[PDB]
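1. The data below comprise the sequence and an experimental structure of the protein.
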Amino acid sequence: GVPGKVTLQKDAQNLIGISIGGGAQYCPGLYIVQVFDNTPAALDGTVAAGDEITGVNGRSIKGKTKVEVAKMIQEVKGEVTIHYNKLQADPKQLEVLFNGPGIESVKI
């Protein structure tokens, strides 16, 4: 329904296993587009496609572009904690609308 935190460790390839993004038009927010099955985020299973990424390691990401945020996460050595809003909307539709087209995302 609402926000939370989830701290995940990066795998051997420096990856949590999510693709953070959003569409082209102006949007105040970044969104988990896709979770990859063989990855720490998937094994943890707290987060889902649809959820909003609101912060990284106790630091809000509001204003930052998809790449800046990916950089921040790519740069954290070891464990990374991800601040999110688990959205209310039926999560299939949150995943369906985020399927495309013209959804730009960065994989981390």
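-> Structure received. Numbering: from 1, shown residues only.
2. show me the contacts for the most centrally placed residue in the chain.
-> By CA atoms, centre = their mean, the mean C-alpha position of the chain lies nearest to residue 32, the distance being 3.7 Å. Residues near residue 32 by CB atoms under 8 Å, 6 or more residues apart in numbering: 18, 19, 20, 47, 48, 49, 50, 51, 52, 53, 84. No exception for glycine: its C-beta is placed from N, CA and C like everyone else's.
3. Wasn't residue 71 part of a strand?
-> No - according to DSSP: H, G, I helix; E, B strand; the rest coil, residue 71 belongs to no strand; its state is helix.
4. Relative to the whole chain's centre, how far out is stretch 61-77?
-> 10 Å (CA atoms, centre = their mean, to the nearest Å).
5. can you list contacts of that stretch?
-> 10, 14, 16, 20-22, 28-30, 53-57, 59, 80, 82-83, 104-108.
6. Counting neighbours, what do you get for the residue nearest to residue 85 when sequence neighbours are not counted?
-> Nearest residue to residue 85 in three dimensions, chain neighbours excluded: residue 52, at 4.3 Å (CB to CB, 6 or more residues apart in numbering). Residues within reach of residue 52, counting by other CB atoms under 10 Å, total 18.
7. roughly how far apart are residue 52 and residue 107?
-> Here residue 52 is placed at a distance of 17 Å from residue 107 (CB to CB, to the nearest Å).
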